[PDB]
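Notes for the one structure printed next.
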Amino acid sequence: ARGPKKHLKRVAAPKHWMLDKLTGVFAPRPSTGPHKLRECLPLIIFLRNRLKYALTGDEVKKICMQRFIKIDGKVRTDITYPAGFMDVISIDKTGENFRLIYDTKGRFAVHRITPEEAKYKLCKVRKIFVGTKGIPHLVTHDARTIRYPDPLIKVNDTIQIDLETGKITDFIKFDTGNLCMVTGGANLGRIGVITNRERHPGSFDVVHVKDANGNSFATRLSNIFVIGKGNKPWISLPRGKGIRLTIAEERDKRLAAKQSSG
Amino acid sequence: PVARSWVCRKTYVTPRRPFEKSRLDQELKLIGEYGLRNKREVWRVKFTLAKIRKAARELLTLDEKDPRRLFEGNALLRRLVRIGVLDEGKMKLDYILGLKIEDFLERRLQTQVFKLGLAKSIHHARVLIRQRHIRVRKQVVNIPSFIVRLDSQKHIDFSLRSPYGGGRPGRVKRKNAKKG
Amino acid sequence: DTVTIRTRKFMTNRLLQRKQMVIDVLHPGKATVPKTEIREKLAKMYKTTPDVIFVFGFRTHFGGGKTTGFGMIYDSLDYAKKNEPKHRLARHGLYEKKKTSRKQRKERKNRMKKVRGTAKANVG
RNA sequence: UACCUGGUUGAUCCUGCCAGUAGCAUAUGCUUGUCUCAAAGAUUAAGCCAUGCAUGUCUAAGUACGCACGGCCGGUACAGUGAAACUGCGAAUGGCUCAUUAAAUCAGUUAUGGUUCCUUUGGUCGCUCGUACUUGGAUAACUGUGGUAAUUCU
RNA sequence: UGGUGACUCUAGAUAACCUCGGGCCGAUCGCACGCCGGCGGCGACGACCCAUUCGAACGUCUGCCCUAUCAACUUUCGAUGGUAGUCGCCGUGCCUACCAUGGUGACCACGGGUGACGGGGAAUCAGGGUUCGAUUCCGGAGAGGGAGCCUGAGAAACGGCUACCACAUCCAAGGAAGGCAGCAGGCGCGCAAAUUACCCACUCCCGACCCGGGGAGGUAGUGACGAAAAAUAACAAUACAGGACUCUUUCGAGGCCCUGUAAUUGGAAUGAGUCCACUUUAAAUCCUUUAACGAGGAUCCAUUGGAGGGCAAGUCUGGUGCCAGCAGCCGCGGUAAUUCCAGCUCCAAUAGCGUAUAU
RNA sequence: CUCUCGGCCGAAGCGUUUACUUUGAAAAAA
Ligand SMILES: [Mg+2]
Ligand SMILES: [Mg+2]
Ligand SMILES: [Mg+2]
Ligand SMILES: [Mg+2]
Ligand SMILES: [Mg+2]
Ligand SMILES: [Mg+2]
Ligand SMILES: [Mg+2]
Ligand SMILES: [Mg+2]
Ligand SMILES: [Mg+2]
Ligand SMILES: [Mg+2]
Ligand SMILES: [Mg+2]
Ligand SMILES: [Mg+2]
Ligand SMILES: [Mg+2]
Ligand SMILES: [Mg+2]
Ligand SMILES: [Mg+2]
Ligand SMILES: [Mg+2]
Ligand SMILES: [Mg+2]
Ligand SMILES: [Mg+2]
Ligand SMILES: [Mg+2]
Ligand SMILES: [Mg+2]
Ligand SMILES: [Mg+2]
Ligand SMILES: [Mg+2]
Ligand SMILES: [Mg+2]
Ligand SMILES: [Mg+2]
Ligand SMILES: [Mg+2]
Ligand SMILES: [Mg+2]
Ligand SMILES: [Mg+2]
Ligand SMILES: [Mg+2]
Ligand SMILES: [Mg+2]
Ligand SMILES: [Mg+2]
Ligand SMILES: [Mg+2]
Ligand SMILES: [Mg+2]
Ligand SMILES: [Mg+2]
Ligand SMILES: [Mg+2]
Ligand SMILES: [Mg+2]
Ligand SMILES: [Mg+2]
Ligand SMILES: [Mg+2]
Ligand SMILES: [Mg+2]
Ligand SMILES: [Mg+2]
Ligand SMILES: [Mg+2]
Ligand SMILES: [Mg+2]
Ligand SMILES: [Mg+2]
Ligand SMILES: [Mg+2]
């Protein structure tokens, strides 16, 4: 295939979008942006499939062209804009704010946040490099580069960004005992305290994480996102508090809710 | 590329020996006793029972404490109890292997309509169902092979838009009354 | 006299300047209720006028008891004209489509492709 | 449903195949009332093709002296709608087919500390000690003379 | 300064260079308008470089069918490696010069064949397996066959161009124009496969773009590929072959229950059709919903294969007479044919069922 | 398995190397 591809088959779209099979052949094909194609949520999917504010794609376009949607404090009129982890979506006309946080089953949940909490976000740091007359530079998972960071900030750390200004306010160092979320793999969406990190030089590093219920699970280092310092998260967690129920206890909970209903 | 789905199944299987006295007699007995149209209905019920037995046999060989065994065994037993085939007091996995074809044939809407006294024969029951005289709860059901759920059994009525339930005379009564 | 309207789901689309809902219609012995009178029932129920109410997708269940569709009630007629799809406006008589065919336009385009600047307007 | 049955002999027991049995795919024959899904010029010829269509695109925001409309006022440089043309972008996606291709393609796993990357997103953009209250020449659209039997020619 | 497992990395310092076929250091547009004589808020375009996204391109490791009537192959025109370079976006025999004689193979090299695009997968299957995968998702290749290029971030692009080869169109004979393995459609080939329809309303894509375009795609048409559901009658009364059940002593009685010649009766219930109106939809159709009409041979009439065995169901009747034929196999037919040709009856599946071929 | 480092543990080797077995991670959707 000469040149880049511009379409996305519906059955070839990422499964966490929860797209059906009979609506069409194609999928929204996220635009290039701060988040990778497989790990993002396009604006149209969120605005139409998730929130049901629009019934068709044309209605999503009509919504976005009145400049009502803001992603991390900036008006975004692109309906296929890739909104990813920890992004803040603000709709002032109706007055709500959402944070894209993975659910326990590895899907972007509709998570409403208070307007006070919509003024900042947390970003994982991807690399630090010195350039241009010895000025340090940070690169985050959100593709934003910040010059003059705190010298203590190292790779795999987490920084709190004020969305209005774009500057760092504080940070969490990657260390055992700090709370984290898994942003990829089998344990995606799970929240727990880092227990141990084993280093394999020349290969991937494995991080062990223990839930609040005592369950343990491993991931790769690139799949770990520091959420809070110690046991306390710096953001609000979704309704499922990051713990994964087995199918048996999920069925028991569903049956109990059914019995208590009515 | 299109936006269509191609998943489909065959609901029955055909017997390997086409002509044998015992199988033919047993199938004819079932057809006559439950008012079935042909042998494909018998083979359809046989196929569902065979799939259920295969799933149960797969689960039995697993460990008792195996979470998969517990989960799908509980699901299978609850599905079988829900449609009335199994007894709640016999909710162990091995009892699934004791089920027969008549148990699944007794839960059809045709046989239940006959048993409830809405019809005077199994064939009268079939023609009553296919003629839109029978409803389950509020929905008019038109399909004789409607496996009646255990909770849904108590709501089987005469379909109040029908002459037998709603007291509106049909074509024949109206025409014969116009002749007077 | 026996035609009931209920609205199961309901949300205020403040961004699209409307209210959107799911409508279920009870009509035990009659044909599927025409949209023109479902609109009147909705207007009387929501204390608005029928000119800003757009209903669609009405499907009647087997056995002939109920119908289910979707409805929108716009805050104003101008908002409806901005936000509604054109065919739904044409159903209310507020829009008219062009009378040409796809073949007519395509052949005209391919004919115009053969001439230079102003002569493009001289072929039809 | 972990299955067999007929056929060598005067008769028997074997070997052993032939035949029967069921499914699945293509074709074909006879037949066909309702209803829901639904494959469909692959196989032979990646053989040959009439005709039509399949890729174009303007915002408040690159260039408007087409009265083509319409002014408001009529010297208010340029109201607005705006064909055409210049400029920019796309046309490298999609669709089709399976000829070639036998460690090749492809699959899983790794590498680029060995490279390129329109676009989107963020950074950077008085960091350089050296007519500007705005520079020059064209060309298209348009107007007019044409050539060729003939072209999206010029 | 900072970094990595590992830089000849990042940053720093110094001496210079800096391509006329030149590197950045804004001579651009719109909307609001302002303050103190000059300063200015939102945007839109553009731009060197870095990062990011979308990739792409080379590599690493393991994995492929048949064939020995292919046992040695590559190396003089790069085969394997070394040194220096050229070219390339870069690592590399990628190419060149000079060197060395290497590199693969019975653990199947090399060569040949394939009715070979590879996978995800499909059919069958106790367990193990066998076969299929042109075909809607991913990857690859090609646009009649080769080759060479322009533009561009990205083609060795063919709904771009330049040639040659094979076909072929118009011509005023000087010239010009080609590429359906896109959607329809035609020819041909065949055992073998649908409309020269409607639409951008949905899914998405493109553009300067809320607006235009899209045979991508959607919707109908044809459609017994195949899969799901599912009519072709039900009941009552008679009358009984009647049967069980029942007392009586055989009849009888037993009128409880069942089945059927019922061209015996009888009213009930219906959808197949015809057809208003809604609903559906971009506009429709279909389905669903509802008026009216619509069943006694309810002629509103079920077929396809069989009836010796395998294998379920007639050594009944008529015709033929080793003929015609049937028969997958064994066999049947030569004047009393359970096998052919028919009638009647019967049985298997049933809106389906035979036949040929692959498996 | 132990001798060294950092706050009894966390670290470091290496026990010859594996095959095997169990676990964990990474593994398109259909
Ligand atoms: Mg392509
Ligand atoms: Mg690495
Ligand atoms: Mg012998
Ligand atoms: Mg013999
Ligand atoms: Mg055989
Ligand atoms: Mg057969
Ligand atoms: Mg019909
Ligand atoms: Mg095809
Ligand atoms: Mg062909
Ligand atoms: Mg142009
Ligand atoms: Mg662009
Ligand atoms: Mg381009
Ligand atoms: Mg930028
Ligand atoms: Mg070199
Ligand atoms: Mg060399
Ligand atoms: Mg040489
Ligand atoms: Mg081939
Ligand atoms: Mg193959
Ligand atoms: Mg294929
Ligand atoms: Mg082929
Ligand atoms: Mg493909
Ligand atoms: Mg190509
Ligand atoms: Mg061809
Ligand atoms: Mg080419
Ligand atoms: Mg073409
Ligand atoms: Mg092309
Ligand atoms: Mg064609
Ligand atoms: Mg022919
Ligand atoms: Mg065919
Ligand atoms: Mg469209
Ligand atoms: Mg359009
Ligand atoms: Mg198509
Ligand atoms: Mg038609
Ligand atoms: Mg057939
Ligand atoms: Mg079928
Ligand atoms: Mg009907
Ligand atoms: Mg017959
Ligand atoms: Mg006969
Ligand atoms: Mg036989
Ligand atoms: Mg027999
Ligand atoms: Mg035969
Ligand atoms: Mg015979
Ligand atoms: Mg999978």
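Naming convention: chains lettered A, B, ... in sequence-line order (proteins, then strands); numbering from 1 in each chain. Side-chain atoms are counted along with the backbone in the values below, which use heavy atoms only and exclude waters and symmetry mates.
Contacts of A:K62 with the nucleic acid, taken as non-hydrogen atoms under 4.0 Å apart, include base atoms. Across all strands shown, B:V7 has no heavy atoms under 4.0 Å from either base or sugar-phosphate atoms. Within the 4.0 angstrom heavy-atom criterion, no nucleotide atom of any strand lies near A:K167. Residue contacts shown for B:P163 are limited to sugar-phosphate atoms, with no base heavy atom under 4.0 Å away. Backbone-only engagement by B:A3 is indicated by non-hydrogen atom pairs under 4.0 Å involving sugar-phosphate atoms exclusively. Nucleic acid contact for C:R105: sugar-phosphate only, since backbone atoms but no base atoms lie under 4.0 Å from a heavy atom of the residue. Looking at heavy-atom distances under 4.0 Å, A:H7 makes contact with a base. In this structure, B:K54 reaches neither bases nor backbone, as no heavy-atom distance under 4.0 Å exists between it and the strands shown.
Figure legend. E:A208 is base-paired to D:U87; pairs are counted as Watson-Crick or G-U wobble with both atom distances under 3.5 Å. In this structure, F:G13 and F:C1 make a Watson-Crick or G-U wobble pair, each of the two defining distances being under 3.5 angstrom. Across all strands shown, D:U154 is found opposite D:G146 as a Watson-Crick or G-U wobble partner, with both distances under 3.5 Å. Applying the Watson-Crick and G-U wobble criteria (two distances, each under 3.5 Å), E:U203 pairs with E:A216. The partner of E:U238, taking Watson-Crick or G-U wobble pairs whose two distances both stay under 3.5 Å, is E:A262. Pairing for E:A349 is with E:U303, a Watson-Crick or G-U wobble pair whose two hydrogen-bonding atom distances lie under 3.5 Å. When both pairing distances are held under 3.5 Å, E:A97 makes a Watson-Crick or G-U pair with E:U83. Base pairing of E:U124 is made with E:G129, judged by Watson-Crick or G-U wobble geometry with both donor-acceptor distances under 3.5 Å.
For the OP1/OP2 pair of E:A201 and a distance below 4.0 Å, the side-chain nitrogens and oxygens of C:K97 include at least one atom meeting the criterion. Between E:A291 and C:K30, no contact under 4.0 Å exists linking OP1 or OP2 to a side-chain N or O. In this structure, B:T14 reaches the D:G23 phosphate: one of its side-chain N or O atoms is under 4.0 Å from OP1 or OP2. B:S145 has a side-chain polar atom (N or O) that falls below the 4.0 Å cut-off from OP1 or OP2 of E:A230. Checking the phosphate oxygens (OP1, OP2) of E:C210, no side-chain nitrogen or oxygen of C:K86 falls inside 4.0 Å.
Using a 4.0 Å cut-off between charged side-chain N and carboxylate O, C:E37 and C:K41 make a salt bridge. Under 4.0 Å is where a charged nitrogen must lie from a carboxylate oxygen, and between A:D72 and A:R144 at least one such pair does. Taking the charged nitrogens against the carboxylate oxygens, A:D162 and A:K121 have no contact shorter than 4.0 Å, which rules out a salt bridge.
Nucleotide E:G182 carries a north sugar; the sign of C1'-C2'-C3'-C4' is positive. Residue note: E:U62 shows a north-type sugar, the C1'-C2'-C3'-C4' torsion being above zero. For F:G6, classification of the furanose by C1'-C2'-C3'-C4' yields a north pucker, on the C3'-endo side. For E:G179, the ring torsion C1'-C2'-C3'-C4' comes out negative, which puts the sugar in the south group. Judged by the sign of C1'-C2'-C3'-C4', E:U74 carries a north-puckered sugar.
Between the side chain of A:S31 and the base of D:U120, no donor-acceptor pair of N or O atoms lies under 3.5 Å. Counting distance only, with no hydrogens placed and no angle test, the side-chain atoms of A:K133 and the base atoms of D:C127 include a donor-acceptor pair under 3.5 Å. A donor-acceptor contact under 3.5 Å links the side chain of B:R37 to the base of E:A230. Between the side chain of A:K154 and the base of E:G2 there is no donor-acceptor pair of N/O atoms closer than 3.5 Å. Scanning atom types as modelled, one donor and one acceptor separated by under 3.5 angstrom connect the side chain of C:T32 and the base of E:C278. Side-chain atoms of B:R17 and base atoms of D:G20 include no donor and acceptor less than 3.5 Å apart.
Pairing check for E:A272 against D:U32: the Watson-Crick or wobble criterion is not satisfied at the 3.5 Å limit.
One interatomic measurement links the two molecules: CZ of C:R91 to P of E:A282, which rounds to 6 Å at whole-angstrom precision. Here E:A291 presents its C1' atom at 15 Å from NE2 of C:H27, a figure rounded to the nearest Å. When rounded to the nearest whole Å, the span between NZ of C:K81 and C1' of E:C210 equals 19 Å. Atom P of nucleotide E:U270 and atom CD of B:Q131 are separated by 7 Å, given to the nearest angstrom. For B:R132 and E:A234, the CZ to P distance is 21 Å, given to the nearest whole Å. Separating the NZ atom of B:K39 from the P atom of E:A349 is a distance of 4 Å, rounded to the nearest angstrom. Distance, A:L8 CG to E:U203 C1': 12 Å, rounded to whole Å. Whole-Å rounding puts the A:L138 CG to D:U121 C1' distance at 17 Å.
Positionally, the nearest nucleotide of RNA chain D for B:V13 lies more toward the 5' end than for the other of B:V13 and B:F19. Nearer the 5' end of RNA chain E, as judged by each residue's closest nucleotide, is the contact made by C:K82, out of B:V127 and C:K82. Along RNA chain D, the nucleotide closest to A:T32 and the one closest to A:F204 are compared, and the more 5′ of them pairs with A:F204. Between A:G202 and A:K5, the residue anchored nearer the 5' end of RNA chain E, judged by the nucleotide with its closest heavy atom, is A:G202.
Judged by ring centres closer than 5.5 Å and planes tilted by less than 30°, the bases of E:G145 and E:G146 are stacked on each other. With a ring-centre distance below 5.5 Å and an interplanar angle below 30°, D:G123 is stacked on D:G122. Bases E:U264 and E:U265 qualify as stacked neighbours, criterion being ring centres under 5.5 Å and ring planes under 30°. Consecutive bases D:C125 and D:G126 are counted as unstacked, their six-membered rings not meeting the limits of centres under 5.5 Å apart and planes tilted under 30°. For E:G142 and E:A143, a centre-to-centre distance below 5.5 angstrom and a plane angle below 30 degrees are both found for the six-membered base rings.
The aromatic rings of A:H35 and A:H141 sit perpendicular, their planes meeting at an angle over 60°, well past the 30° parallel limit. The aromatic rings of A:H137 and A:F129 sit parallel, their planes meeting at an angle under 30°, below the 60° perpendicular limit.
Applying the 90° criterion around 0 to the glycosidic angle, D:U76 comes out syn.
Across D:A39, E:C210, E:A216, the shortest atom-to-atom separation from the side chain of B:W6 is found for D:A39. Of the candidate nucleotides E:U52, E:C138, E:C204, E:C138 has the atom lying nearest to any side-chain atom of A:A12. If you check D:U120, D:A140, E:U1 against the side chain of A:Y81, the one that comes closest is D:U120.
Between B:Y12 and B:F47, the gap from one ring centroid to the other reaches at least 6.0 Å. A ring-centre distance under 6.0 Å is found for A:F26 and A:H7.
Without hydrogens or angle criteria, A:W17 side chain to A:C40 main chain gives a donor-acceptor distance under 3.5 Å. In terms of modelled atom types and a separation under 3.5 Å, the side chain of B:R130 and the main chain of B:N142 share a donor-acceptor contact.
Residue B:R174 places its CZ atom among more than 12 non-hydrogen atoms of other residues, nucleotides or ligands, all under 6.0 Å distant.
Side chains of A:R29 and A:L37 form a contact here, defined as non-hydrogen atoms less than 4.5 Å apart.
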